[PDB]
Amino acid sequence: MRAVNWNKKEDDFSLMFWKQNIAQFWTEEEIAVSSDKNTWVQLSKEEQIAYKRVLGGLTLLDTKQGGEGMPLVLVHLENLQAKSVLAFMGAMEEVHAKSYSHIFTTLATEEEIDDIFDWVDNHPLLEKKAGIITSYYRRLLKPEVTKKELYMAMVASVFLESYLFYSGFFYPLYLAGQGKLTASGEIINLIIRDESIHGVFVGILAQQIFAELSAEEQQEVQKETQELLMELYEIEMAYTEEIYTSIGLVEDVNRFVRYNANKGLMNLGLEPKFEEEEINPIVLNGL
């Protein structure tokens, strides 16, 4: 049986990613959020609700990426150095998920936090999109998987990492770029710094497997990716209408969604699908 040997390269890139992943290492203890109370308490009812909801949503998605997505993809790779990077990424998903609880503990009462988690567990849209993504991961729960299965699990992973979070991320970034909830904003920026590299790394791996597919499998996977994209888009349009209509930001978030979906596509070596618009400069500022 092979042990990992980092003195002999298995590829051109895993070492650089391992180094960057660990250079970016953080834990929630390192950001105090209590100074955010002062801006929190001046937001409207509707603004507090939107924030809590989107954070609740992100928590779920990181829960799944750490508990299913990373582990199941890594177990089937034969590249042991690439494997190592994914296992580190997986741990960091759990830091991410935990960091949202760190934000809640300072902003919300014990009863308000039970409220948010009851809403997230009962949410039909969060269930659907998490369900769609997680369906590709769960196919990997068997001894030998095909390369088409592995590839599609990786496509779902990058969709999740580079695309699905950003209807959520939008709002902590909008608030931070106005000087509100900046301590929480720093956390979301640390999360996002991780996800950016997650997405790129899994996308490189996906492209290696794509190259190992027959021409006809290549065409199938292309079709399926495009369908998956539009399926998810529909659900993100519903999500975003639900969350943001109360605070008049629907179209701003939608632009951001499309922008991020194109980044997801690009990480997978695919062409952009949405025409590029101006992202709201106040979110850019929060970035």
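Numbering starts at 1 and follows the sequence shown. Rigid core here is just the name for the largest C-alpha set that superposes within 1.5 Å across the two forms.
Choosing between 27 to 35 and 54 to 62, the greater Cα displacement from the shown form in 7 other deposited structures of this protein, fitted by the core, goes with 27 to 35. For the pair 272 to 280 and 17 to 25, rigid core superposition yields a higher RMS C-alpha distance in 7 other deposited structures of this protein in 272 to 280. For the segment pair 34 to 42 and 64 to 72, the entry gives 34 to 42 the higher mean B-factor, averaged over Cα atoms.
Comparing 167 to 175 with 102 to 110, the stretch with the higher mean C-alpha B-factor in the PDB entry is 102 to 110. As recorded in the entry, 124 carries the highest CA temperature factor of 90, 185, 131, 124. Comparing the listed residues 48, 262, 246, 254, the entry records the largest Cα B-factor for 246. When the modelled residues of the chain are ordered by their C-alpha B factor, residue 15 lands in the lowest third. In the PDB entry, a CA B factor belonging to the highest third of its chain's modelled residues is recorded for residue 147. Ranked by Cα temperature factor within the chain, residue 53 sits in the middle third according to the deposited record. Split the chain's modelled residues into thirds by C-alpha temperature factor. Residue 214 is in the highest one. Residue 180: CA B factor in the middle third of modelled residues in this chain (values from the PDB entry).
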